[PDB]
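Input: a single structure, listed below in structure tokens.
Nothing in this text is a laboratory measurement; each read-out follows from the coordinates by a stated rule. Here the Cβ is made from the backbone with ideal geometry for all residues, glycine too, and neighbour counts use every protein chain on show.
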Amino acid sequence: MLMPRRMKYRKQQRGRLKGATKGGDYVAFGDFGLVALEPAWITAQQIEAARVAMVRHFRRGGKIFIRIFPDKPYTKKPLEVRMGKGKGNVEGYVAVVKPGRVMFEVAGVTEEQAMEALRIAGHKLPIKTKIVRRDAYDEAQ
Amino acid sequence: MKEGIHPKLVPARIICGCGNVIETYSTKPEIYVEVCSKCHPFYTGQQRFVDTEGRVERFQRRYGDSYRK
Amino acid sequence: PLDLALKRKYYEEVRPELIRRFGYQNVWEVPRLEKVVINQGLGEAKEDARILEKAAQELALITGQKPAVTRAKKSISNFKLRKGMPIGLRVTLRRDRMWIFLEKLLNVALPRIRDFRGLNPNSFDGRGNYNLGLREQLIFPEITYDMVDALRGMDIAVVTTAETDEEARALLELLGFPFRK
Amino acid sequence: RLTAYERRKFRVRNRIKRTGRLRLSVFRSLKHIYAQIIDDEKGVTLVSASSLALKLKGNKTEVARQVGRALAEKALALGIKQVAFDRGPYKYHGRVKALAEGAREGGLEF
Amino acid sequence: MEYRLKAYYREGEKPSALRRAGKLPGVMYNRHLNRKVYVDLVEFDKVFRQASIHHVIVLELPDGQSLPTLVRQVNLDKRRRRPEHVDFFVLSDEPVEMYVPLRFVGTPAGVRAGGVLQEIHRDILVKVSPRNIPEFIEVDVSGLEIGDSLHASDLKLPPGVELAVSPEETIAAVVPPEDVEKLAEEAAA
Amino acid sequence: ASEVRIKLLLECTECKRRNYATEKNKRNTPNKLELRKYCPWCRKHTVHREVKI
RNA sequence: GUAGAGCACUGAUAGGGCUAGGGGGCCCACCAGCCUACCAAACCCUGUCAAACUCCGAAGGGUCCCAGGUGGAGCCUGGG
RNA sequence: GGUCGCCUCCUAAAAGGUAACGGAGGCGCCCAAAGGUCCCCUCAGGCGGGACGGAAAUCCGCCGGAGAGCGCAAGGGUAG
RNA sequence: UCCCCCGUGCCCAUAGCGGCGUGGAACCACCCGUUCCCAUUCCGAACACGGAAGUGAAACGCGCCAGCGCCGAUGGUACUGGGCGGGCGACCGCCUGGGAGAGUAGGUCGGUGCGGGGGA
Ligand SMILES: [Mg+2]
Ligand SMILES: [Mg+2]
Ligand SMILES: [Mg+2]
Ligand SMILES: [Mg+2]
Ligand SMILES: [Mg+2]
Ligand SMILES: [Mg+2]
Ligand SMILES: [Mg+2]
Ligand SMILES: [Mg+2]
Ligand SMILES: [Mg+2]
Ligand SMILES: [Mg+2]
Ligand SMILES: [Mg+2]
Ligand SMILES: [Mg+2]
Ligand SMILES: [Mg+2]
Ligand SMILES: [Mg+2]
Ligand SMILES: [Mg+2]
Ligand SMILES: [Mg+2]
Ligand SMILES: [Mg+2]
Ligand SMILES: [Mg+2]
Ligand SMILES: [Mg+2]
Ligand SMILES: [Mg+2]
Ligand SMILES: [Mg+2]
Ligand SMILES: [Mg+2]
Ligand SMILES: [Mg+2]
Ligand SMILES: [Mg+2]
Ligand SMILES: [Mg+2]
Ligand SMILES: [Mg+2]
Ligand SMILES: [Mg+2]
Ligand SMILES: [Mg+2]
Ligand SMILES: [Mg+2]
Ligand SMILES: [Mg+2]
Ligand SMILES: [Mg+2]
Ligand SMILES: [Mg+2]
Ligand SMILES: [Mg+2]
Ligand SMILES: [Mg+2]
Ligand SMILES: [Mg+2]
Ligand SMILES: [Mg+2]
Ligand SMILES: [Mg+2]
Ligand SMILES: [Mg+2]
Ligand SMILES: [Mg+2]
Ligand SMILES: [Mg+2]
Ligand SMILES: [Mg+2]
Ligand SMILES: [Mg+2]
Ligand SMILES: [Mg+2]
Ligand SMILES: [Mg+2]
Ligand SMILES: [Mg+2]
Ligand SMILES: [Mg+2]
Ligand SMILES: [Mg+2]
Ligand SMILES: [Zn+2]
Ligand SMILES: [Zn+2]
């Protein structure tokens, strides 16, 4: 999993999600990255899920980079309880993701091989995705 | 100075062990030390005195090599 | 301001060897003493008994001045400190009182220690000063024996307008410092 | 970063400045002593009487007492009575003190 | 090596329209000039993929004046990851600071140990006159084991060129692979 | 107040009428209070003390 | 002082360099060798997240002056 | 079951104000010095030195704009 | 009336840090002493007086450059007051005034106001 080992407050507000991403819009370490196309709350259990996927795809090899880190606490009321009497309890953590953000990028492996281990990676993901190539544009910022 | 708390340092002599009348301005009218600067196993050369050895190791104890070599 | 033979030794002997050494241009930039802070940080009369100043009277007989106390910065469980207890003493020696103290330590007191073997030379500051310490208190016979009690010592810095540790040594060595190395 | 010297200035300076009444700054070097009356609104000097321009010499304190009395004449003739005393980063005593007692007896008002 | 590209002018007409017109907005400037320009997205793409911020761009104008240029910053529209505005730094003699590529060569020991090469920088900041703007800078990475790293100072640096960034900055390194063997006790704690 | 912090009316001397009241501690300084206080009654400054509240 | 944005502060943070400590070596076990595809503080680089973080900062909103504004405007004292 | 008055921050959408069994914390005292004033001093911290004496007892050196302190919670403030 | 120092504001780091040089003629600083007034939880360190041998080494004044700090546009984008639109929904987009923060090109080792002194 991926808890932030420590934190300033425990329960976090919910928040909107208006518009286009803030940063993380260019490859930076790998040579191929995975790109978000629609807003989301990606979960500690998904990030992990997608990661493990590729690692088991090119077993012994590559270097997986992971650009979004689940810091926000997903909160939720128990079952058979009604509205109010406290705010929900924490179960799991998430990372806010807008469209354009890179989430994974792998470095150093056969072009075919990265193009799969990032393809499979997307299916573990709750959203639409596009794989991308490191770029003159990317090295241009 | 802020008087009324300080030991009045008159002129005074520190008459030492061997020579050296370390004439000074002392807080006592006459104090007496027995060891001085000039004489010291450090100030003046390495200085011999007693310090020559203790258990001389080893051939330097002499008369070694009694057989044929 | 007083006829002391070390004041005169610094001038009529120590001043020149330094100008011939590090080849100074101007006269003030030549290395020169400033103070001798003597810290008798006892830490043993905190909420402990009176008698603290029973050294700060012999401390006066050494240094000619009256020592003024130092208090507890902050409370510590492991030392028994509450923010305010007195732990030690400190006298700052400026002007001729400073000199005449060294004109007794450097050539009478330093040899009055048993198993004495010069001075530690690594202990120079970095911007031109030097310090160490001492344990035995009747190391100057101004403090005579039948003023007998528990023996305690002092931390001693000496402060100079030396600009590096290098030239600094040359001063303190030239004014009679036996160096162990 | 600051020296205790310049802090003491501001400090002693700041207060007096808040009461609006005129300002008799007292500058003092090991050689001479100077002073000048200032309106601090417009930021201008009313009258300046110094030990150096007066070409006086003969003991520093007693030198000043005149330079103080000198300042009062050169200002009364101008219309100033009300003026509060700035004592710089110096303890009011002796030299600065003199300048005041001089200005005081010359008819000046603080 | 050194590329030419057609260009034109922007008076004030709407960027939004030029963009949907397929012509990219832009600007060029130095220390004496500032000029609103516009290029052509297709054509710009052609060149910039080859060029980037590394090689030289010759801006051909309607008045027929040519211009020596470096792209300074490219703005990308986030949702799309597509061009929306470039800065064109026209060069005088003065040794402008700029980024030149690096060529990693000689397979490291770690890469024959099944490791990987983490080349952090693909470029490098330099002060260097236009009269000799280099390309491939030599980097000998053959002899780095896994975990080992080569820094900045240790570099060829073709004479007449100044290492215009940190000495102990880190250009490239070599790290362990990805074992599924890892995945085992990765789980444990 | 509480119990270690007692309430008290500042007494008097130069007319023996009380004219003030405040607070103090008897576990800290366990004596009788001390302040100069002009009075509307004697029209003079006077040294004062205490009694319970 | 918000949206944005940012990391200067309070914290989070993934990779890298550096690097106290800690752990596995192991030389050896008296002190000491300083060697580590292991952990890891403080720091530097790339790269990021925050209602109770802000080096910055909109549109906007408030309000006073001036002008337009004759309206089932406005203002005061009262009865329902 | 929890709550009930007062204080701090956030929610609160850049004046004020603003709800919820919304997220977080404090008060029911204390001080004849911790008050008045006139005077003087400047921190936390980090690196080097320092007999006991250490991570930190007191000491010396450069280093530092406020990250310390300001009785107690938090915020604003604060070395001119 | 230009120049130089001393005092003192105004501006709020483009002014600062660090660096190289530098000026004692006059001012200013260190400085000489500790009798006197004044002072140190110890010390003439500071503050204080009495002077004037030395010195501009320190501090300070003035010059020099961009290593840091700092100021930093134009173009464009974010967001947005007003007005509209297509989506089954998630959300996107259009006209209209407004328009950042980052970042680029660059700027900066200050500018000043009255008083005093001192040479053009
Ligand atoms: Mg979904
Ligand atoms: Mg004799
Ligand atoms: Mg004499
Ligand atoms: Mg201290
Ligand atoms: Mg003004
Ligand atoms: Mg526009
Ligand atoms: Mg090409
Ligand atoms: Mg967009
Ligand atoms: Mg190694
Ligand atoms: Mg009454
Ligand atoms: Mg980690
Ligand atoms: Mg070990
Ligand atoms: Mg080794
Ligand atoms: Mg090693
Ligand atoms: Mg760090
Ligand atoms: Mg975000
Ligand atoms: Mg916010
Ligand atoms: Mg701010
Ligand atoms: Mg506005
Ligand atoms: Mg109003
Ligand atoms: Mg009515
Ligand atoms: Mg109101
Ligand atoms: Mg008080
Ligand atoms: Mg102090
Ligand atoms: Mg400290
Ligand atoms: Mg100690
Ligand atoms: Mg210690
Ligand atoms: Mg606060
Ligand atoms: Mg103004
Ligand atoms: Mg320089
Ligand atoms: Mg120069
Ligand atoms: Mg020179
Ligand atoms: Mg010079
Ligand atoms: Mg000179
Ligand atoms: Mg005092
Ligand atoms: Mg003092
Ligand atoms: Mg100039
Ligand atoms: Mg230079
Ligand atoms: Mg710069
Ligand atoms: Mg703009
Ligand atoms: Mg828009
Ligand atoms: Mg409006
Ligand atoms: Mg609208
Ligand atoms: Mg749409
Ligand atoms: Mg420039
Ligand atoms: Mg400068
Ligand atoms: Mg002249
Ligand atoms: Zn002898
Ligand atoms: Zn009465």
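Brief remarks on what is shown
- Overall form of region A:1-86 per C-alpha gyration tensor (a/c, 1.5; a/b vs b/c): prolate
- Take every Cα pair under 8 Å whose residues are at least 6 apart in sequence, average their separation, divide by the length of region C:37-125, and the relative contact order is 31 percent.
- Inter-centroid distance (Cα atoms) of region A:51-119 relative to region E:73-130, Å: 29 Å
- Distance violations [Cα-Cα > 26 Å] among A:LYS8/A:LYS76; B:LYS38/C:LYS66; A:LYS128/E:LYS78: B:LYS38/C:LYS66
- With Cα atoms, 0 to 90° folded angle of helix A:44-55 axis to chain A main axis: 20 degrees
- Cα shape, the protein assembly as shown, gyration tensor, a/c 1.5 rule: prolate
- Residue order, fewest to most beta carbons within 10 Å, for B:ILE22, F:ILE6, D:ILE33: F:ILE6, B:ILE22, D:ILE33
- Partner shielding of C:110-116 amounts to 4, given as the average count of beta-carbon atoms from other chains within 10 Å of each residue beta-carbon.
- Among E:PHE48, D:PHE85, the ranking by other beta carbons within 10 Å of each residue's beta carbon, starting with the fewest, stands as D:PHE85, E:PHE48.
- Dipole size of region C:31-181 about its Cα centre, with +1 on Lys/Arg Cβ and -1 on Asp/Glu Cβ: approximately 580 debye, rounded to the nearest 20.
- Residue mean of other protein chain beta carbons inside 10 Å, A:44-52: 1
- Dipole magnitude for region E:1-76: computed about the Cα centre from +1 point charges on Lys and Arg Cβ and -1 point charges on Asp and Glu Cβ, it is near 260 debye.
- As a calculated quantity, the FRET efficiency between D:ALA77 and D:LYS55 at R0 = 35 Å, using C-beta atoms, amounts to about 0.95.
- The long axis of helix C:165-174 is offset from the longest Cα principal axis of chain C by roughly 90 degrees.
- Positive contributions from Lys and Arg (+1) and negative ones from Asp and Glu (-1), summed over other residues with Cβ under 12 Å from the Cβ of E:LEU18, come out at +2.
- Furthest towards positive pole of dipole, E:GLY106, D:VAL12, C:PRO67, structure part the protein assembly as shown, Cβ charges: D:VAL12
- Most positive-pole-ward Cα, A:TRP41, A:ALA114, A:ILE68, against dipole of region A:20-141 from beta carbon charges: A:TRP41
- Farthest towards the positive end of the charge dipole of region D:23-108, among the residues D:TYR92, D:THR61, D:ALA72, is the Cα of D:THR61, using unit charges on the Cβ of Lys, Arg, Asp and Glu.
- Protection-proxy order for peptides E:169-180, C:143-154, A:128-139, each taking the mean of Cβ atoms within 10 Å per residue, highest first: E:169-180, A:128-139, C:143-154
- Spin-label model, B:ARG58/C:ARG21: points 7 Å from Cα along the beta carbon direction are separated by 4.6 nm.
- Distance from the C-alpha centroid of region C:72-99 to that of region D:87-103: 37 Å, rounded to the whole angstrom.
- Zone residues, region E:67-99, relative to E:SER129, backbone N less than 20 Å from point 7 Å out along Cα-to-Cβ: E:67-70, E:90-99
- As a calculated quantity, the FRET efficiency between C:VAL37 and F:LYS52 at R0 = 51 Å, using C-beta atoms, amounts to about 0.40.
- Entry note, chain A: relative contact order of 42 percent, from Cα contacts under 8 Å with a spacing of 6+ residues.
- Test item: B:38-47 mean partner chain Cβ contacts at 10 Å: 3
- With neighbour counts taken as other beta-carbon atoms within 10 Å, the residues E:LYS6, C:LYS66, A:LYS8 rank, fewest first, as A:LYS8, E:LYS6, C:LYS66.
- Rel. contact order, % - alpha carbon contacts under 8 angstrom, at least six apart, chain D: 29 percent
- Nearest-0.05 FRET efficiency for E:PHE136 and D:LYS42, computed from C-beta distance (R0 60 Å): 0.30
- Shape of region E:63-188, Cα gyration tensor, a/c cut at 1.5: oblate
- Paramagnetic label reach from C:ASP48 (point 7 Å along Cα→Cβ; backbone nitrogen cut-off under 18 Å): within region C:56-84, residues C:56-59, C:69-84.
- Helix C:95-104 axis versus longest C-alpha principal axis of chain C: approximately 90°, rounded to the nearest ten.
- Ordering C:37-48, B:56-67 by mean Cβ neighbour count within 10 Å, with the highest value first, yields C:37-48, B:56-67.
- Helix-only [θ]222 nm of the protein assembly as shown, DSSP H runs n ≥ 4, -39500 (n - 2.57) each, per residue, nearest 500: -5000 deg cm²/dmol
- For region C:2-120, the Cβ-based charge dipole about the Cα centre amounts to some 440 debye (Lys, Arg positive; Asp, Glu negative; other atoms uncharged).
- Separation of region F:9-53 from region D:1-54 is 46 Å, based on Cα centroids.
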